[PDB]
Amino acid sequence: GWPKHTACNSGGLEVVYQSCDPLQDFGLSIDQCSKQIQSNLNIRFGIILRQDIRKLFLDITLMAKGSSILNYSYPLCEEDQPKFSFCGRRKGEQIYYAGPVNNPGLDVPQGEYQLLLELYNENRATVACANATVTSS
């Protein structure tokens, strides 16, 4: 039960996450958080890979007040597509990524949201898992 970590807390937006991979914790921080999220947020993401990656996928589950808002699923890479990606990385490699994610800008309405982020490979193996709480105030 990995401890809660603040990914960011500024400008009326707080994002706290907990790793849900039983093997390990990881580092995630978000630059320039605010209630008005800019398009293409910059993040810093640090993890030791516990699976090999030929293809990588990201699923996001967004909920609020016990109800589903949205489900999202997107392929991040296949080996060398794009070339600058985690694909081709292997078990035991320690990765640090500092760069944008390709989100739309969003003015987050005041309230609390629950987010589940699941990163997995071509074999449906969990590479990273985080459940998060987002508070817009």
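The first residue of the shown sequence is 1; numbering continues from there.
Original post:
If you average the CA temperature factors over each stretch, which comes out higher, 46-54 or 79-87?
Top reply: Result of the comparison: 79-87.
Subject >> Average Cα temperature factor in the PDB entry - higher stretch of 28-36, 55-63 >> reply: In the deposited entry, the stretch with the higher C-alpha B-factor mean is 28-36.
**OP:** Looking at the entry's B-factor column for C-alpha atoms only, identify whether residue 70 ranks in the lowest, middle or highest third of its chain.
**Re:** Its C-alpha B-factor belongs to the lowest third of this chain's values.
**OP:** Please rank the C-alpha B-factors of the chain's modelled residues and tell me whether residue 137 sits in the lowest, middle or highest third.
**Re:** CA B-factor rank for residue 137: highest third.
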